[PDB]
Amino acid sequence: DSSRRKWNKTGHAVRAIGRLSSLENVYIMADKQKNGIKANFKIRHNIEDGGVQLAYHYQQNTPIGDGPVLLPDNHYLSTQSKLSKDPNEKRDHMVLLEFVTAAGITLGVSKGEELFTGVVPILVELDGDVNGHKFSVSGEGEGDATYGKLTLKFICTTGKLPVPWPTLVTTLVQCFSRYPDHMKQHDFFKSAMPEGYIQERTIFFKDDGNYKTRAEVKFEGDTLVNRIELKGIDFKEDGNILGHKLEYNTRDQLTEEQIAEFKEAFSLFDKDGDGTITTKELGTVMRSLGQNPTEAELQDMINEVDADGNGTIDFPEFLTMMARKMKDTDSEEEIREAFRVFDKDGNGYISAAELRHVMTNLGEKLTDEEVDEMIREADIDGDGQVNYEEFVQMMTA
């Protein structure tokens, strides 16, 4: 099927631009008034059987001790988590593997960091109360900040956890993040150790309640300990949280067929075939789709996924951002936005002339018959056009 592969390539390009235009990282900034930092970010929780539950986080951290700390320039953390189960464990539990790296400062170490050069034991204790449903969680494992690596197992010590495990991941030690060499002066978290910091958040679950958390993170002997209280209010008993409607298992697939699909979209951008995407190349493709980014906007889009800070999107960086984009689910607003890239006139239907316009602009030399074949592959009800629902099915993996 040459039609379905043209949909895939084009769809992945639109999806790539979507990711580049989104803010998916953990954004950190100095909070001078508190001698610390604040942060904001959003988490996408896959809903079982379809859709996304958004969780908007606001965070602030303040040192526990009076020693000097590092106040960072603006930057972000980028995370990769894998949730699993221990087959021998009968209690309600979560096994967590996590890698976290700082970035967001283009190219061109505190005493506290010394405590993190090797493997450090971790303890986590959480008491929670969500809509009056109380619970406790205890966790243990270790952190290896050299690689930004955490391995932890958590148990609900009160029996059944009344909220989905994924909703507690962000609450359950950012001092283990890997900061690159050129960003070591921006690592507040380690700079506050061993005395530690207080971390507070409010977490807004869209169309549902919110969590309020306060935690003390500090060394107790040789162990890095995170002690947390969590209070949730305003939840719907039958919502995605209290109703346990969120996926547990990390959907970190990535067939080699999918990686190949990603590479095809990569090469639409990488038109000189040197294995990296520049602002110039990104701008070219966006304009072809009817957009008009400034140079500053293009730099910012690249910076959002530019792991090594060299100002371009390298092939491995592109694979990484696309993996994240496919792992997580897009919102209805985001999908409709992609739909509108094709549905130029906004009547709810992608016509042959509209599809032709897009493919032609992307430099895809396609005959009028080829376009027709594309429409047909997607045209479910047979009306000779592609409606939202049919577009969605073409875009879903």
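Residues carry their position along the shown sequence, with the first being 1.
Trainee: Which class describes the count of deposited residues lacking coordinates between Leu172 and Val173: none, 1 to 3, 4 to 9, or 10 or more?
Mentor: Missing residues, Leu172 to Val173: 1 to 3.
Trainee: Between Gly108 and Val109, count the deposited residues left without coordinates and pick a bin: none, 1 to 3, 4 to 9, 10 or more.
Mentor: 10 or more residues lack coordinates between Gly108 and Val109.
Trainee: Read off the CA B-factors in the entry, average them over 121-129 and over 254-262, and name the higher stretch.
Mentor: The deposited B-factors put 254-262 ahead on the C-alpha mean.
Trainee: Comparing 309-317 with 81-89, where is the mean C-alpha B-factor higher?
Mentor: Averaged over C-alpha atoms, the B-factors run higher in 81-89.
Trainee: If you check the C-alpha B-factor for each of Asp345, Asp328, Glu333, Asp31 in the entry, which is highest?
Mentor: Comparing C-alpha B-factors across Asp345, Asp328, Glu333, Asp31, the top value belongs to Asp345.
Trainee: Sort the modelled residues of this chain by their C-alpha B factor and say whether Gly232 lands in the lowest, middle or highest third.
Mentor: Tercile = lowest for this residue's CA B-factor.
Trainee: By the record's CA B-factor, is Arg287 among the lowest, middle or highest third of residues in the chain?
Mentor: Highest third, going by the recorded CA B-factors of the chain.
Trainee: Would the CA B-factor of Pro72 place it in the lowest, middle or highest third of its chain?
Mentor: Middle third by C-alpha B-factor.
Trainee: Quick check on the deposited entry: does the C-alpha B-factor of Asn25 sit in the lowest, middle or highest third of its chain?
Mentor: Answer is lowest: the recorded C-alpha B-factor places it there.
Trainee: Grab the CA temperature factor for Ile64 from the record and place it in the lowest, middle or highest third of its chain.
Mentor: As the PDB entry reports it, the C-alpha B-factor of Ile64 lands in the middle third of its chain.
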